[PDB]
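Peer 1:
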Amino acid sequence: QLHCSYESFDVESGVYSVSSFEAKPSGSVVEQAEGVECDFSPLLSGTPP
Amino acid sequence: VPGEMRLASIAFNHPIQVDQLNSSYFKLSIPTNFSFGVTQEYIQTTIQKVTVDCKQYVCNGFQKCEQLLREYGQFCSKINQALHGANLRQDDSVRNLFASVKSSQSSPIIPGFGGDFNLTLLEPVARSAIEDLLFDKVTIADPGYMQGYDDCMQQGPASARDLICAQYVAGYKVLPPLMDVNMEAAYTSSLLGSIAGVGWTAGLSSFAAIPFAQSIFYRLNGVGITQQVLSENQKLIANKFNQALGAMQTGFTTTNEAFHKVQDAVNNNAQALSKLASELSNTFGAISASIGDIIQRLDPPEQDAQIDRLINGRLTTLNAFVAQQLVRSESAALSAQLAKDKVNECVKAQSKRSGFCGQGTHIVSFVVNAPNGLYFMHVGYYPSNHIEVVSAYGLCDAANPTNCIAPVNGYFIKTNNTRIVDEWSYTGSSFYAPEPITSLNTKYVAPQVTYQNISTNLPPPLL
Amino acid sequence: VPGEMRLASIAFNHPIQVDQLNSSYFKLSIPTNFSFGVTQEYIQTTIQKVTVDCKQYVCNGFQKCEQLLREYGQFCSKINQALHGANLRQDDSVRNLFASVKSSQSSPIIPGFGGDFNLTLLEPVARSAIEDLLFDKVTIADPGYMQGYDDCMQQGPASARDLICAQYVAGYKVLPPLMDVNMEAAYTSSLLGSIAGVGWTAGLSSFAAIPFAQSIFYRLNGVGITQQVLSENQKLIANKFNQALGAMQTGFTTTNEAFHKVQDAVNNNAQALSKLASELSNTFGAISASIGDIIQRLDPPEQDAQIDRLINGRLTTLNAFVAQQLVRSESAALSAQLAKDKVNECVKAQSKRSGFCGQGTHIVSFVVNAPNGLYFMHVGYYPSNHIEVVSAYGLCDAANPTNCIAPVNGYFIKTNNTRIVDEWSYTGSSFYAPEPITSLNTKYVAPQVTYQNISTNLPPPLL
Ligand SMILES: *[C@@H]1O[C@H](CO)[C@@H](O[C@@H]2O[C@H](CO)[C@@H](O)[C@H](O)[C@H]2NC(C)=O)[C@H](O)[C@H]1NC(C)=O
Ligand SMILES: *[C@@H]1O[C@H](CO)[C@@H](O[C@@H]2O[C@H](CO)[C@@H](O)[C@H](O)[C@H]2NC(C)=O)[C@H](O)[C@H]1NC(C)=O
Ligand SMILES: *[C@@H]1O[C@H](CO)[C@@H](O[C@@H]2O[C@H](CO)[C@@H](O)[C@H](O)[C@H]2NC(C)=O)[C@H](O)[C@H]1NC(C)=O
Ligand SMILES: *[C@@H]1O[C@H](CO)[C@@H](O[C@@H]2O[C@H](CO)[C@@H](O)[C@H](O)[C@H]2NC(C)=O)[C@H](O)[C@H]1NC(C)=O
Ligand SMILES: *[C@@H]1O[C@H](CO)[C@@H](O[C@@H]2O[C@H](CO)[C@@H](O)[C@H](O)[C@H]2NC(C)=O)[C@H](O)[C@H]1NC(C)=O
Ligand SMILES: *[C@@H]1O[C@H](CO)[C@@H](O[C@@H]2O[C@H](CO)[C@@H](O)[C@H](O)[C@H]2NC(C)=O)[C@H](O)[C@H]1NC(C)=O
Ligand SMILES: *[C@@H]1O[C@H](CO)[C@@H](O)[C@H](O)[C@H]1NC(C)=O
Ligand SMILES: *[C@@H]1O[C@H](CO)[C@@H](O)[C@H](O)[C@H]1NC(C)=O
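So the sequence lines, in the order shown, correspond to chains A, B and C. What the first sequence shows, in the numbering used here, is residues -1 to 47, in sequence order. What the second sequence shows, in the numbering used here, is residues 9 to 471, in sequence order. What the third sequence shows, in the numbering used here, is residues 9 to 471, in sequence order.
(1) Report the residue from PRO119/B, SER167/B, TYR157/B, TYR180/B whose alpha carbon sits nearest the alpha carbon of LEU200/B.
(2) Return no unless some Cβ of chain B is closer than 8 Å to the Cβ of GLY232/C.
(3) DSSP three-state label for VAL177/B, please.
(4) Which value, in whole angstroms, describes the spacing of the CA atoms of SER359/B and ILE233/B?
(5) Give a single yes or no on whether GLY179/B has its beta carbon closer than 7 Å to a heavy atom of ligand 2.
(6) Starting from the C-beta of residue 2/C, find all residues in its chain whose C-beta is less than 6 Å away, skip the five residues before and the five after it, and write them out in chain order.
(7) With 9 Å as the C-beta to C-beta threshold (strictly closer), list the residues of the segment 14 to 37 of chain C near chain B in chain order.
(8) Alpha carbons only, please: which of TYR65/B, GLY122/B, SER337/B is nearest the one belonging to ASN320/B?
(9) Could you say if the segment 402 to 420 of chain C and the segment 112 to 131 of chain B meet the contact criterion of at least three C-beta pairs nearer than 8 Å?
(10) Pick out the complete beta strand (DSSP E) segments inside the segment 21 to 103 of chain B, 3 residues or longer, and give them in chain order.
(11) Output needed in chain order: residues of the segment 430 to 448 of chain B with a Cβ under 7 Å from some Cβ in chain C.
(12) If we define contact as Cβ-Cβ less than 8 Å, is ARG169/C a contact residue for chain B?
(13) Report all residues for which the CB-ligand distance to some heavy atom of ligand 2 is below 6 Å; order them along the chain.
(14) Could you work out which residues of chain A lie near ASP61/B, taking near to mean beta carbons separated by less than 8 Å?
(15) Starting from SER433/B, follow the beta strand (DSSP E) in both directions and report where the run begins and ends.
(16) Going straight from the alpha carbon of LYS248/C to that of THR147/B, what length do you get?
(17) Against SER85/B, what residues of chain A qualify as contacts under a CB-to-CB distance less than 9 Å, listed in chain order?
(18) Please tell me whether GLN48/C has its Cβ less than 8 Å away from any Cβ of chain B.
(19) Using the beta-carbon of each residue, which ones in chain A are nearer than 9 Å to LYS181/B?
(20) For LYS422/C, which residues in chain B fall below 7 Å Cβ to Cβ?
(21) Is there a Cβ of chain A sitting closer than 8 Å to that of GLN71/B, yes or no?
(22) At what residues does the alpha helix (DSSP H) containing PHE329/C begin and finish?
(23) Mark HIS92/C as exposed unless 16 or more other C-beta atoms lie within 10 angstroms of its C-beta, in which case mark it buried.
(24) Quick one: measure Cβ to Cβ for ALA414/C and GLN460/C, integer angstroms, because I've assumed they're closer than 8 Å.
(25) Return helix, strand or coil for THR196/C, following the three-state DSSP convention.
(26) Could you confirm whether any beta carbon from chain A is found closer than 8 Å to the beta carbon of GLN75/B?
(27) Name the two residues that bound the continuous beta strand (DSSP E) containing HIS386/C.
(28) Check each candidate in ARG361/C, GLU338/C, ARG227/C, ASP349/C and name the one with the smallest Cα separation from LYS348/B.
(29) As an exercise, report each continuous beta strand (DSSP E) stretch of at least 3 residues that is fully enclosed by the segment 444 to 469 of chain C, in chain order.
(30) Below 7 Å, is the gap between the Cβ of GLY122/B and the nearest heavy atom of ligand 8?
(31) Three Cβ pairs or more, each shorter than 8 Å: is that satisfied between the segment 197 to 211 of chain C and the segment 75 to 83 of chain C?
(32) Can you list, in chain order, the residues of its chain with a C-beta nearer than 8 Å to that of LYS35/B? Leave out the 5 residues immediately preceding and following it.
(33) Less than 8 Å between the CB atoms is what I'm expecting for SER32/C and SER214/B, so what's the real figure, rounded?
(34) If we ignore side chains and look at the alpha-carbon of each, how far apart do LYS269/B and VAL376/B end up?
(35) Using a Cβ-Cβ cut-off of 7 Å (strictly less than) and excluding sequence neighbours within five positions of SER373/C, which residues of its own chain qualify?
(36) Compute every distance between the C-beta of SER399/B and the non-hydrogen atoms of ligand 3, then say whether any falls below 7 Å.
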């Protein structure tokens, strides 16, 4: 990368900056409302029609 | 509660008026009292050194940017190269300065140095008490390096707000200073030990190695104070000097302008970094300042147009930033050149120039480390209680007109002292105090019409 | 295969320590050896002068863009005027510098000048071999003006690579230097003719017209070397001097920083021109960098949408270019002031200030032409083999307390030499060279408690 930045096969000696590590990503974490529940409980009591 | 503000005229301090003379004699104004005093200066010698990742500042590595960015890759090379050259110059300026700061030889530094002088500048064998007062007054953020990054990482306080750990997001790099602070302290301890011999020639390569107090008295004869006065007042002089020195412990206030300049230098560096940080949130009319947001909200044909708009404004900020750094780096270099000159004049030796150093003739001055620069202190001499006396251009033998003399570093005055039977007396230019005229205080000169015709008694020449 | 890089501490040289002593006598450090040596500096004085054509840079005779350009014709007018003013400033600095370079009078110069001193700087009557070495070491492109235009034209080699032929494409104009290198050579020879000398008072009226070697001995006594030493070592001095001068043949290397600065002055000028050239190919989102090409490919109602984009970006580049030139021009003017100051101090006279000139006290310095500036060489005096000796603040007659003397530009040291029967001896301050105390090297002073009480043999006063 250093050679490409100077368009040359002979960069002068020195200390040079290079791009940083982008780190590493982990598995996702998500929070959203829950507890929908579909009101199906009437089927469990009384005599069915 | 407060009343109304008061309009007021700016005062004009009139100079003491000294009526001229229209004969062979003239009024002379001479102080009869004096005090030591101090003035201070701050000279910046560096700009904090930074570099910027030219891919990371623009984007967070999202691939669409990485593809688009290739069109602009050459701009980044120009950015990195320019910053790099600026940083190299800062390092050369430091090395150049220190080459003149060092002395070939010095006294060892010991406690109790300077005799009766207080010398709070002595090292706590370390930096110095005064330098630490300055650094504690400074509001600058804690450094990184070691432990560095693990003070940024989740195992640390939730309250960190340092731009220093923001460095690991923005792609900033804050370069370490070229020199370890301990070596810097060593360079100025060497300057402390370079005092004496101050007189006896230029001092280029001899080292007198004499007590600090003795070098002071030599300097006092260098400004026209007679030796007789100095021997009588030695303890008095040390006491006045220490009072002036003691005031340095109260000198670190916001009313001290040199101190204020240090504070501004600290926030010049902070300001530049904060500007780049604020720009990360600056949408350019792009749907969001975030790349991930525009990716998640846009069909890719649209997405790339928005990304390009975002990139263009980001690159423009980086270009302006480089220009800003180049200007500041250059001004720092010039300031460093000034510092170099003062060390080789105002510090290493007494100077007759005026202007430079404290505004009270010149006696020894000191320098200490300060953030981004050097902090100077100058001890000065301040005249007081001026009186007017009769004085003559010179004296001659009335019986032998070719015998003419004139005072050296002082003036002939009509005597007003009861111990001197001689009608005339000699005093030093810096302080009123009559003395008998002797060959040590005079030199032979060609005769002149304004010289007094003495018909009675002159010892130099006796005849 | 080469070894791994090695981590290392940065060395800190320690000054020679000199222990402080109490009482009426003190330790003194004095060199017993010395060498001549040199340092060099490059002071740029000018920016290469150029002008541009806001009519040839933007577009090239296409009638459609000419009409479009007319709406912006005033920008070019601002550009041209700004560049013109910058060039006037460059010529002002040249004349101002030369006004101090010139002398009302000088010695003629012939081969073999300086006697035993080698003086390679003498012209091959010419410029000088040293100036030519510099020009050969410089990597700068082949010169303008003649034959000029015909090196763009097919009447020359296909291997030419000069941006100067691109001068006739880009609309660049490179203005000629005002000074004319032959007049420049005359001015530097005139400065050599002012040598021998500055000594003998002010030197601001009279011209001493003495041999070069004599002016050197005068300077050596001006730094506290005794006259006796100078007479004994005359050939030795010339030998050491020419060793330092001979080292200049190795001075043209990349580790010589003054040399490096000269090369970068050249590099900066070349880069500025290359920037404008590269921009000729820079589309601004325009279909092509060529105006004629987009005209050929497009119906005129759409054609000038493309032309407009192209024109605006080209103007923007020119504006940035001008701003840069103004900044550089100002830095050159300030740098030129520094050059003028050193000519009127570091060159025209020996200086007591340290600081300026090479760091070895000061002795004569020289200046030669360098591209875009002046190149200075400073001869200096470097001490070696320092020894510690016993010394006294002064001497007095124990039989008469008012008889007190002190050394002039030297010290009283306990004798360590078998030739001198006297318990004390005078020495030069620049070199260890003890000698008998005589009235020529001493002065009467007021008495002091630290002066030694000599109860026997003192020749000054005999009684
Ligand atoms: C004149 O010299 C005296 C020293 O005798 C200076 O000192 C002052 O002395 C008075 C006497 O009581 C004190 O009240 C002051 O506090 C002293 N001043 C200090 C310590 O700064 C006096 O300052 C000199 N005069 C002037 C005008 O400076
Ligand atoms: C010289 O100044 C030093 C400054 O450090 C003086 O030491 C201080 O004296 C005060 C007097 O109350 C104490 O409160 C401080 O704690 C002392 N500081 C230190 C670091 O010890 C010292 O007394 C002065 N000496 C003379 C002779 O003037
Ligand atoms: C006393 O008077 C002056 C000094 O106060 C001496 O100088 C001469 O003064 C006269 C004026 O009357 C001038 O014309 C002369 O030119 C002065 N002398 C010189 C050498 O310039 C004067 O000589 C003294 N002695 C007398 C008058 O005997
Ligand atoms: C003063 O020191 C210099 C160098 O330190 C001495 O020069 C000698 O020079 C030759 C020629 O390069 C070297 O080969 C020798 O090694 C040098 N000698 C030493 C001891 O370094 C010079 O002779 C010394 N002069 C004295 C002691 O009077
Ligand atoms: C001193 O001046 C002499 C000339 O008087 C120089 O000697 C010449 O140097 C050049 C450069 O290499 C040679 O081409 C010549 O052949 C030399 N002349 C002779 C007669 O041999 C010499 O270089 C100068 N410098 C020193 C340090 O002696
Ligand atoms: C002999 O040397 C001493 C010191 O080495 C001279 O200084 C005297 O020192 C004492 C002690 O402080 C003072 O009380 C005297 O006043 C000093 N003398 C003077 C003249 O100030 C002493 O003068 C020397 N004796 C001579 C030169 O005859
Ligand atoms: C100076 O002396 C008196 C001062 O009152 C004045 O009248 C006179 O004109 C001045 N000049 C000369 C030459 O005396
Ligand atoms: C050393 O210098 C001190 C300085 O206060 C002085 O008091 C003392 O007399 C001197 N001599 C000795 C032997 O301590």
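The C-beta atom is built at its ideal place from N, Cα and C for all residues, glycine as well.
Peer 2: Straight from the coordinates:
(1) Numbered from 1 along the second sequence, position 192 holds the residue referred to as residue 200/B. It is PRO119/B whose Cα lies nearest to the Cα of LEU200/B.
(2) By 1-based counting over the third sequence, the position of residue 232/C is 224. So, interface residue.
(3) Your numbering for residue 177/B matches position 169 in the second sequence. It is helical.
(4) Along the second sequence, one-based indexing puts residue 359/B at 351. Along the second sequence, one-based indexing puts residue 233/B at 225. Their Cα atoms are separated by approximately 16 Å.
(5) Walking along the second sequence from the start, residue 179/B turns up at place 171. Incorrect: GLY179/B has no Cβ contact closer than 7 Å to ligand 2.
(6) Lying before the first or after the last residue shown, residue 2/C is absent from chain C, which here runs from 9 to 471.
(7) Within the segment 14 to 37 of chain C, the qualifying residues are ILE18, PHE20, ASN21, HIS22, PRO23, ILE24, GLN25, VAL26, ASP27, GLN28, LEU29, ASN30, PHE34, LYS35, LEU36, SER37.
(8) Here residue 320/B corresponds to residue number 312 of the second sequence, with the count starting at 1. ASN320/B has its Cα closest to that of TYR65/B, out of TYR65/B, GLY122/B, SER337/B.
(9) no
(10) 33 to 38, 41 to 52, 58 to 60
(11) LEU448
(12) Walking along the third sequence from the start, residue 169/C turns up at place 161. Closer than 8 Å: no.
(13) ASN126/B, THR128/B, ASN250/B
(14) Here residue 61/B refers to the residue found at position 53 of the second sequence. Near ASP61/B (Cβ distances below 8 Å), the residues of chain A are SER15, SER17, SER18.
(15) The sequence position of residue 433/B within the second sequence is 425, counting from 1. It spans 432 to 436 - the beta strand (DSSP E) in which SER433/B sits, taken as one unbroken run.
(16) If you number the third sequence from 1, residue 248/C lands on position 240. If you number the second sequence from 1, residue 147/B lands on position 139. Spanning the two alpha carbons is a distance of roughly 55 Å.
(17) On the second sequence, residue 85/B is found 77 positions in, with the first residue counted as 1. Under the 9 Å cutoff, chain A gives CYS2, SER3, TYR4, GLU5.
(18) Counting from one through the third sequence, the residue named residue 48/C turns up at place 40. Contacts with chain B at 8 Å (Cβ-Cβ) do not include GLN48/C.
(19) Here residue 181/B refers to the residue found at position 173 when the second sequence is read from its first residue. Simply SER15, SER18.
(20) In the third sequence, residue 422/C corresponds to position 414, counting from 1. For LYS422/C, no chain B residue has a C-beta closer than 7 Å to its own C-beta; the minimum C-beta separation is roughly 15 Å.
(21) Translated into positions along the second sequence, residue 71/B becomes position 63. Chain A contact via Cβ: absent.
(22) Taking the first residue of the third sequence as position 1, residue 329/C is located at position 321. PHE329/C -> alpha helix (DSSP H) spans 308 to 350.
(23) Taking the first residue of the third sequence as position 1, residue 92/C is located at position 84. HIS92/C should be labelled exposed.
(24) Numbered from its first residue, the third sequence carries residue 414/C at position 406. Numbered from its first residue, the third sequence carries residue 460/C at position 452. Actually they do not touch by this definition, with Cβ atoms about 11 Å apart.
(25) As a position in the third sequence, residue 196/C is number 188, starting the count at 1. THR196/C: helix per DSSP, three-state reduction.
(26) The residue you call residue 75/B lines up with position 67 of the second sequence. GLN75/B does not count as touching chain A.
(27) Mapped onto the third sequence, residue 386/C falls at position 378. 381 to 392 is the extent of the beta strand (DSSP E) around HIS386/C.
(28) By one-based count along the second sequence, residue 348/B stands at place 340. Nearest C-alpha to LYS348/B among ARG361/C, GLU338/C, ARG227/C, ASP349/C: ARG361/C.
(29) 450 to 452, 460 to 462
(30) Taking the second sequence and counting its residues from 1, one reaches residue 122/B at position 114. False, no ligand heavy atom lies under 7 Å from that Cβ.
(31) no
(32) Counting from one through the second sequence, the residue named residue 35/B turns up at place 27. Taken in chain order, the residues that qualify are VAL26, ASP27, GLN28, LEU29, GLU396, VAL397, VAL398, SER399.
(33) Taking the first residue of the third sequence as position 1, residue 32/C is located at position 24. Taking the first residue of the second sequence as position 1, residue 214/B is located at position 206. Not quite, the Cβ-Cβ distance comes to about 19 Å (not below 8 Å), so this is no contact.
(34) Along the second sequence, read from residue 1 onward, the residue named residue 269/B stands at position 261. Along the second sequence, read from residue 1 onward, the residue named residue 376/B stands at position 368. Cα to Cα, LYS269/B sits roughly 15 Å from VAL376/B.
(35) For the purposes of this step, residue 373/C is taken as the residue at position 365 of the third sequence. So the qualifying residues of the chain are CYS354, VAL355, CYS365, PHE384, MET385, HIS386, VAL387.
(36) Residue mapping note: residue 399/B aligns to position 391 of the second sequence, counting from 1. The closest heavy atom of ligand 3 lies 7 Å or more from the beta carbon of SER399/B.
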